[PDB]
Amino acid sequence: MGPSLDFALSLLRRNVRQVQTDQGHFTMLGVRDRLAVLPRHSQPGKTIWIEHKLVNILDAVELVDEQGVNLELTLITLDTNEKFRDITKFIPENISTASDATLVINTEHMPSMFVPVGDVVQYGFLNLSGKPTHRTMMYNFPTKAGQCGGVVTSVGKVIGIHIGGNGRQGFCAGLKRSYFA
C-alpha cells in the first residue's frame, strides 16, 4: 500500500472520529492528548457522542483571530482515558495551501469517506451564515451538507477543517500548529 493511502487511513483509525451534537453529524479531529477540534457550527454542548458513547467535554474554546474575528473552530478538551496520537507535527506552522488535496470525512452517514477536492487556495475572508470568518481556504469542488469537520489533507500534512460550501466550492478553516500548543 502507498504512503498517501496509508497516511489517510491511519488518520481515520487514530484521529478522525464520527460525532453527533444537537446540530447533527460531524467529523471531529483529535489532535493530541485530550484535545480535539470541531467546526464552530457543530455547537458542542456539555457532552458529545463520539462513535459509540457519550463523552463529557471539559472545556470548549471557539477560536478568534487578533481582531476578535471568528475562525470557525472550536477546541474541546474531553473527559476520556484515550490520548489521541499526537499529529500536531503534521499541522503547518502557518496556514498552508496545497495541491491535489484529499478531504477525509467520517460520520455515521458518511463513514471513512475520501473526496478528491483538488487544489486548496488562500481565501481569507468569508461570511458564514451571517458569521464573518478569517483564515479560510477554498477548493473548487461541490461539497455537500454533512461534510463539515472533514479533514483537509495532502502529502502528510493536515491543513484544514471543512467549514461550508456553496454548491460549487468548498471552504475549510486553515489549521496552524500554534492553535494546539
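All residue numbers refer to positions in the sequence shown, first residue = 1.
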Which of 46-54 and 120-128 has higher mean CA B factor, as the PDB entry lists it: 120-128
Look up the CA B-factors in the entry and say which stretch, 22-30 or 56-64, has the higher mean. 56-64
One of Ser96, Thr88, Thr74, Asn106 has the largest Cα B-factor in the entry, namely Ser96
Whose CA atom has the top B-factor in the entry, of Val151, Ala36, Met113, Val155? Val155
Rank-wise, by C-alpha B-factor, drop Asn140 into the lowest, middle or highest third of its chain. highest
Against its chain's modelled residues, does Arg168's Cα B factor rank lowest, middle or highest third? highest
